[PDB]
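Colleague: Questions regarding the structure given below will be posed in turn.
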Amino acid sequence: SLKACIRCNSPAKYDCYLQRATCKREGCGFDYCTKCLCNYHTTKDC
Ligand SMILES: [Zn+2]
Ligand SMILES: [Zn+2]
């Protein structure tokens with residue numbers, strides 16, 4: 001059920017709650033929307 005990163009397809013914690021994924025890699029570890037596989041809506045922007 002994990003989300004495959006758009007880089008090396010790593011096991012990212014997929015959260016259907018907000019349709020977001022968090023790469024579980026020490027080289028990535030970033031938040032992003034699993035819908036558009038792009039930047040996740042944050043204090044900054046999407
Ligand atoms: Zn990755
Ligand atoms: Zn989005």
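Labeling convention for the structure tokens: chains A, B, ... as they appear, residues from 1 per chain, ligands from 1 in order of appearance.
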Find the residues around stretch 23-26 of chain A up to 8 Å (only C-alpha atoms counted), leave out those fewer than 4 positions away in its own chain, and share them as a PyMOL selection string.
Modeller: chain A and resi 3-5+10-13+30-31
Colleague: Please return as a list in words the residues found within 8 Å of ligand 2, counting only C-alpha atoms and all ligand atoms.
Modeller: residues 32, 33, 34, 35, 36, 37, 38, 39, 40, 41 and 46 of chain A
Colleague: Which distance in Å separates atom CA of residue A:17 and atom CA of residue A:44, to one decimal?
Modeller: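 Going from atom CA of residue A:17 over to atom CA of residue A:44 covers 20.6 Å.
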Colleague: Identify which of the residues A:21, A:15, A:27, A:1 lies closest to ligand 1, counting only C-alpha atoms and all ligand atoms when measuring atom-to-atom distances.
Modeller: A:27
Colleague: Which residues in chain A does DSSP call strand (DSSP E)? List them as a PyMOL selection string.
Modeller: chain A and resi 3-4+11-15+20-23+31-33
Colleague: Restricting it to N, CA and C atoms, dump the selection as an mmCIF file, in the first residue's frame.
Modeller:
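Contents of out09.cif, as written:
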data_model
loop_
_atom_site.group_PDB
_atom_site.id
_atom_site.type_symbol
_atom_site.label_atom_id
_atom_site.label_comp_id
_atom_site.auth_asym_id
_atom_site.auth_seq_id
_atom_site.Cartn_x
_atom_site.Cartn_y
_atom_site.Cartn_z
ATOM 1 N N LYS A 3 3.518 4.149 -1.154
ATOM 2 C CA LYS A 3 3.626 4.912 -2.392
ATOM 3 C C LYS A 3 5.058 4.904 -2.914
ATOM 4 N N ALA A 4 5.214 4.603 -4.199
ATOM 5 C CA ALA A 4 6.532 4.565 -4.821
ATOM 6 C C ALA A 4 6.980 5.959 -5.243
ATOM 7 N N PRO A 11 9.512 3.034 -0.725
ATOM 8 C CA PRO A 11 8.338 2.821 0.129
ATOM 9 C C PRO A 11 7.974 4.064 0.934
ATOM 10 N N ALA A 12 7.106 4.896 0.368
ATOM 11 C CA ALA A 12 6.674 6.118 1.035
ATOM 12 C C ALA A 12 5.333 5.918 1.734
ATOM 13 N N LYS A 13 5.249 6.363 2.983
ATOM 14 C CA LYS A 13 4.023 6.233 3.761
ATOM 15 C C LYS A 13 2.861 6.936 3.068
ATOM 16 N N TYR A 14 2.002 6.153 2.424
ATOM 17 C CA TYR A 14 0.848 6.701 1.720
ATOM 18 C C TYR A 14 -0.311 6.945 2.680
ATOM 19 N N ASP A 15 -0.843 8.163 2.658
ATOM 20 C CA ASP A 15 -1.958 8.526 3.525
ATOM 21 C C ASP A 15 -3.166 8.962 2.702
ATOM 22 N N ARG A 20 -1.490 12.045 0.475
ATOM 23 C CA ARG A 20 -0.098 12.477 0.520
ATOM 24 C C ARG A 20 0.831 11.293 0.767
ATOM 25 N N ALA A 21 2.087 11.436 0.354
ATOM 26 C CA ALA A 21 3.075 10.379 0.532
ATOM 27 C C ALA A 21 4.386 10.939 1.074
ATOM 28 N N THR A 22 5.015 10.191 1.976
ATOM 29 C CA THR A 22 6.275 10.613 2.573
ATOM 30 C C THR A 22 7.355 9.555 2.384
ATOM 31 N N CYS A 23 8.298 9.831 1.489
ATOM 32 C CA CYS A 23 9.386 8.901 1.214
ATOM 33 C C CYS A 23 10.103 8.506 2.502
ATOM 34 N N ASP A 31 7.675 15.465 1.718
ATOM 35 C CA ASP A 31 6.228 15.331 1.593
ATOM 36 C C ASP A 31 5.763 15.745 0.200
ATOM 37 N N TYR A 32 4.797 15.010 -0.337
ATOM 38 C CA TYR A 32 4.265 15.298 -1.665
ATOM 39 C C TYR A 32 2.909 14.629 -1.866
ATOM 40 N N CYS A 33 2.082 15.227 -2.716
ATOM 41 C CA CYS A 33 0.756 14.690 -2.999
ATOM 42 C C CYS A 33 0.847 13.461 -3.897
#
